[PDB]
(Lines of atoms letter the chains of each structure in order from A and count residues from 1; the text may use other names and numbers.)
(Lines give C-alpha, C1' and ligand atoms only; values in the text may rest on other atoms or scores of the structure.)
Protein backbone atom coordinates (compact mmCIF):
# COMPACT_ATOMS: atom_id res chain seq x y z
CA UNK A 1 0.00 0.00 0.00
CA UNK A 2 1.08 3.62 -0.25
CA UNK A 3 2.78 5.32 2.67
CA UNK A 4 0.26 6.65 5.13
CA UNK A 5 0.46 10.25 6.41
CA UNK A 6 1.93 10.63 9.86
CA UNK A 7 -0.19 11.92 12.73
CA UNK A 8 1.24 13.02 16.10
CA UNK A 9 -1.53 13.35 18.69
CA UNK A 10 -0.64 15.44 21.79
CA UNK A 11 -2.41 15.63 25.14
CA UNK A 12 -2.01 18.86 27.13
CA UNK A 13 -4.48 20.02 29.86
CA UNK A 14 -7.35 17.74 28.90
CA UNK A 15 -9.96 15.31 30.18
CA UNK A 16 -9.46 12.75 27.34
CA UNK A 17 -13.05 13.23 26.21
CA UNK A 18 -11.75 14.51 22.88
CA UNK A 19 -9.64 11.33 22.46
CA UNK A 20 -12.70 9.28 23.35
CA UNK A 21 -14.79 11.12 20.75
CA UNK A 22 -12.34 10.03 18.02
CA UNK A 23 -12.84 6.41 19.13
CA UNK A 24 -16.55 6.89 18.28
CA UNK A 25 -15.71 7.50 14.60
CA UNK A 26 -18.29 5.94 12.32
CA UNK A 27 -17.89 5.06 8.62
CA UNK A 28 -14.94 5.25 8.72
CA UNK A 29 -14.39 3.64 12.08
CA UNK A 30 -11.24 4.07 14.13
CA UNK A 31 -9.68 0.81 12.95
CA UNK A 32 -9.93 1.96 9.32
CA UNK A 33 -8.46 5.33 10.28
CA UNK A 34 -5.37 3.88 11.96
CA UNK A 35 -4.81 0.90 9.62
CA UNK A 36 -5.67 2.46 6.23
CA UNK A 37 -6.10 6.24 6.29
CA UNK A 38 -3.36 7.45 8.61
CA UNK A 39 -0.27 6.39 10.52
CA UNK A 40 -0.98 7.22 14.17
CA UNK A 41 2.59 7.61 15.32
CA UNK A 42 2.14 8.97 18.85
CA UNK A 43 -0.96 8.89 21.08
CA UNK A 44 -0.53 8.48 24.85
CA UNK A 45 -3.95 6.89 25.38
CA UNK A 46 -3.50 3.84 23.15
CA UNK A 47 0.17 3.51 22.16
CA UNK A 48 2.12 0.42 23.18
CA UNK A 49 5.37 2.15 24.18
CA UNK A 50 5.72 4.03 27.46
CA UNK A 51 8.38 6.24 29.03
CA UNK A 52 11.62 6.65 27.13
CA UNK A 53 10.39 4.36 24.36
CA UNK A 54 7.32 6.59 23.90
CA UNK A 55 9.50 9.74 23.85
CA UNK A 56 11.67 8.13 21.19
CA UNK A 57 8.59 7.30 19.12
CA UNK A 58 7.54 10.95 19.31
CA UNK A 59 11.00 12.17 18.20
CA UNK A 60 11.03 9.68 15.29
CA UNK A 61 7.67 10.95 14.03
CA UNK A 62 8.35 14.67 14.45
CA UNK A 63 11.65 14.53 12.59
CA UNK A 64 10.37 12.54 9.63
CA UNK A 65 11.22 14.01 6.21
CA UNK A 66 7.67 13.08 5.14
CA UNK A 67 6.28 15.63 7.55
CA UNK A 68 3.48 15.13 10.06
CA UNK A 69 0.06 16.43 11.03
CA UNK A 70 -0.34 17.43 14.68
CA UNK A 71 -3.69 16.86 16.41
CA UNK A 72 -3.71 18.64 19.76
CA UNK A 73 -6.09 17.96 22.67
CA UNK A 74 -6.15 20.20 25.69
CA UNK A 75 -5.22 23.71 26.70
CA UNK A 76 -1.63 24.79 27.27
CA UNK A 77 -0.94 25.86 30.89
CA UNK A 78 1.26 28.98 30.76
CA UNK A 79 1.28 30.29 34.33
CA UNK A 80 4.51 29.97 36.31
CA UNK A 81 6.50 29.17 33.18
CA UNK A 82 4.23 26.25 32.31
CA UNK A 83 4.89 24.05 35.36
CA UNK A 84 1.25 23.08 35.95
CA UNK A 85 1.50 20.54 33.13
CA UNK A 86 4.46 18.40 32.24
CA UNK A 87 5.05 15.23 30.18
CA UNK A 88 8.44 13.44 30.50
CA UNK A 89 9.36 16.31 32.83
CA UNK A 90 9.04 18.95 30.07
CA UNK A 91 6.35 21.59 30.29
CA UNK A 92 3.46 21.23 27.82
CA UNK A 93 4.28 24.78 26.74
CA UNK A 94 7.84 23.76 25.87
CA UNK A 95 6.72 20.55 24.14
CA UNK A 96 4.17 22.32 21.97
CA UNK A 97 6.60 25.21 21.28
CA UNK A 98 9.15 22.75 19.92
CA UNK A 99 6.85 20.41 18.01
CA UNK A 100 3.98 22.43 16.59
CA UNK A 101 6.03 24.86 14.44
CA UNK A 102 7.51 21.76 12.71
CA UNK A 103 4.12 20.30 11.72
CA UNK A 104 2.84 20.52 8.15
CA UNK A 105 -0.61 21.16 9.62
CA UNK A 106 -1.96 21.61 13.14
CA UNK A 107 -5.50 20.75 14.18
CA UNK A 108 -6.59 22.00 17.62
CA UNK A 109 -9.26 19.47 18.58
CA UNK A 110 -11.75 20.41 21.30
CA UNK A 111 -12.65 23.70 22.95
CA UNK A 112 -9.71 23.35 25.34
CA UNK A 113 -7.13 23.19 22.54
CA UNK A 114 -8.97 25.75 20.42
CA UNK A 115 -9.88 28.40 23.01
CA UNK A 116 -8.53 27.33 26.43
CA UNK A 117 -11.48 25.38 27.74
CA UNK A 118 -12.54 24.34 31.17
CA UNK A 119 -9.22 24.98 32.95
CA UNK A 120 -9.12 28.48 31.40
CA UNK A 121 -12.42 29.44 33.06
CA UNK A 122 -12.13 32.13 35.73
CA UNK A 123 -9.88 32.55 37.66
CA UNK A 124 -7.69 30.37 35.39
CA UNK A 125 -5.17 29.40 38.05
CA UNK A 126 -2.90 27.59 35.54
CA UNK A 127 -2.94 30.34 32.89
CA UNK A 128 -4.35 27.91 30.33
CA UNK A 129 -4.58 29.09 26.71
CA UNK A 130 -5.70 27.67 23.42
CA UNK A 131 -3.01 26.67 20.93
CA UNK A 132 -3.19 29.72 18.69
CA UNK A 133 -3.22 32.13 21.61
CA UNK A 134 -0.36 30.40 23.41
CA UNK A 135 1.88 30.01 20.34
CA UNK A 136 1.02 33.08 18.29
CA UNK A 137 4.58 34.40 18.87
CA UNK A 138 5.86 31.30 16.97
CA UNK A 139 3.51 31.68 14.00
CA UNK A 140 1.51 28.52 14.73
CA UNK A 141 -1.91 28.66 13.06
CA UNK A 142 -4.08 25.71 14.00
CA UNK A 143 -7.38 24.76 12.39
CA UNK A 144 -9.83 24.90 15.31
CA UNK A 145 -12.39 22.11 15.66
CA UNK A 146 -14.43 23.22 18.65
CA UNK A 147 -16.84 21.46 20.97
CA UNK A 148 -16.56 19.76 24.38
CA UNK A 149 -15.96 17.34 22.82
CA UNK A 150 -16.44 18.08 19.13
CA UNK A 151 -18.32 15.89 16.77
CA UNK A 152 -15.71 13.40 15.47
CA UNK A 153 -17.35 13.72 12.02
CA UNK A 154 -15.79 17.19 11.99
CA UNK A 155 -12.29 15.95 12.73
CA UNK A 156 -12.32 13.21 10.13
CA UNK A 157 -13.86 15.55 7.52
CA UNK A 158 -11.13 18.12 8.15
CA UNK A 159 -8.34 15.54 7.94
CA UNK A 160 -9.73 14.08 4.70
CA UNK A 161 -10.01 17.58 3.25
CA UNK A 162 -6.41 18.35 4.15
CA UNK A 163 -5.12 15.06 2.72
CA UNK A 164 -6.92 15.76 -0.55
CA UNK A 165 -6.16 19.46 -0.93
CA UNK A 166 -3.00 20.04 1.13
CA UNK A 167 -4.68 23.10 2.58
CA UNK A 168 -7.15 24.08 5.26
CA UNK A 169 -10.79 24.41 4.20
CA UNK A 170 -12.51 27.80 4.48
CA UNK A 171 -12.35 28.94 8.11
CA UNK A 172 -14.50 31.30 10.14
CA UNK A 173 -13.28 34.17 12.31
CA UNK A 174 -12.47 31.64 15.08
CA UNK A 175 -10.48 29.47 12.63
CA UNK A 176 -13.24 26.82 12.56
CA UNK A 177 -14.22 25.19 9.25
CA UNK A 178 -17.33 26.85 7.84
CA UNK A 179 -18.52 23.54 6.39
CA UNK A 180 -19.21 22.37 10.00
CA UNK A 181 -19.51 25.61 12.03
CA UNK A 182 -21.31 27.91 9.53
CA UNK A 183 -24.76 27.71 11.15
CA UNK A 184 -26.03 28.25 14.65
CA UNK A 185 -27.33 25.18 16.49
CA UNK A 186 -30.62 27.05 16.85
CA UNK A 187 -31.27 27.63 13.14
CA UNK A 188 -31.05 23.86 12.66
CA UNK A 189 -33.11 22.89 15.74
CA UNK A 190 -36.37 20.93 15.46
CA UNK A 191 -37.88 23.16 18.15
CA UNK A 192 -37.30 26.34 16.16
CA UNK A 193 -40.99 26.68 15.23
CA UNK A 194 -41.79 26.71 18.94
CA UNK A 195 -39.17 29.41 19.65
CA UNK A 196 -40.58 31.44 16.78
CA UNK A 197 -44.14 31.02 18.13
CA UNK A 198 -43.15 31.94 21.70
CA UNK A 199 -43.81 28.42 22.96
CA UNK A 200 -41.31 27.90 25.80
CA UNK A 201 -41.09 25.26 28.48
CA UNK A 202 -41.22 26.97 31.91
CA UNK A 203 -39.57 24.05 33.75
CA UNK A 204 -38.17 20.60 33.05
CA UNK A 205 -41.11 18.94 34.82
CA UNK A 206 -43.73 20.92 32.84
CA UNK A 207 -46.15 19.51 30.28
CA UNK A 208 -44.59 21.95 27.77
CA UNK A 209 -41.22 20.23 28.23
CA UNK A 210 -42.92 16.86 27.84
CA UNK A 211 -44.40 18.04 24.52
CA UNK A 212 -41.03 19.25 23.22
CA UNK A 213 -41.41 23.01 23.55
CA UNK A 214 -38.38 25.30 23.22
CA UNK A 215 -35.77 25.29 25.98
CA UNK A 216 -34.68 28.95 25.68
CA UNK A 217 -36.20 30.06 28.99
CA UNK A 218 -34.37 27.13 30.64
CA UNK A 219 -31.05 28.48 29.38
CA UNK A 220 -30.55 27.12 25.87
CA UNK A 221 -27.53 28.71 24.16
CA UNK A 222 -28.38 27.31 20.72
CA UNK A 223 -29.05 30.80 19.35
CA UNK A 224 -25.47 31.93 20.06
CA UNK A 225 -23.57 28.69 19.39
CA UNK A 226 -22.06 27.51 16.10
CA UNK A 227 -22.01 23.73 15.61
CA UNK A 228 -23.63 20.99 13.49
CA UNK A 229 -25.22 19.03 16.31
CA UNK A 230 -28.83 18.84 15.14
CA UNK A 231 -27.73 17.77 11.63
CA UNK A 232 -25.06 15.14 12.32
CA UNK A 233 -26.13 14.24 15.85
CA UNK A 234 -23.88 12.21 18.17
CA UNK A 235 -23.34 8.46 18.19
CA UNK A 236 -25.62 8.24 15.14
CA UNK A 237 -28.59 8.76 17.42
CA UNK A 238 -29.11 11.88 19.59
CA UNK A 239 -28.11 15.39 20.66
CA UNK A 240 -28.75 17.55 23.76
CA UNK A 241 -32.02 19.30 22.82
CA UNK A 242 -33.52 16.04 21.52
CA UNK A 243 -32.67 14.61 25.02
CA UNK A 244 -34.63 17.54 26.49
CA UNK A 245 -31.65 19.54 27.72
CA UNK A 246 -30.52 23.04 26.66
CA UNK A 247 -27.36 23.56 24.65
CA UNK A 248 -24.61 24.94 26.96
CA UNK A 249 -22.67 26.61 24.13
CA UNK A 250 -19.77 24.19 24.20
CA UNK A 251 -18.20 25.06 20.82
CA UNK A 252 -17.80 28.77 21.72
CA UNK A 253 -14.74 30.50 23.15
CA UNK A 254 -14.85 30.98 26.90
CA UNK A 255 -18.25 29.38 27.07
CA UNK A 256 -17.71 28.43 30.71
CA UNK A 257 -17.80 32.14 31.60
CA UNK A 258 -19.83 33.59 28.65
CA UNK A 259 -22.72 31.07 28.73
CA UNK A 260 -23.16 30.70 32.48
CA UNK A 261 -25.43 30.44 34.36
CA UNK A 262 -26.27 27.54 32.07
CA UNK A 263 -29.97 27.42 33.13
CA UNK A 264 -30.60 31.12 32.45
CA UNK A 265 -30.92 33.43 29.49
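Numbering follows the first chain given and starts at 1.
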Between 77-85 and 131-139 (mean CA B-factor, as deposited), the higher: 131-139
Mean Cα B-factor comparison, 157-165 or 68-76, giving the higher one as deposited: 157-165
Highest-ranked of 50, 229, 226, 197 once sorted by CA temperature factor in the record: 197
220, 201, 40, 46, ranked by C-alpha B-factor: the highest one: 201
Ranked against its chain, the third holding the CA B-factor of residue 122: middle
Within-chain third of residue 190 by Cα B-factor, per the entry: highest
B-factor third for the C-alpha atom of residue 213 within its chain: highest
Residue 110 - Cα temperature factor, lowest/middle/highest third of chain: lowest
Position of residue 237 among the chain's modelled residues by C-alpha B-factor, lowest, middle or highest third: middle
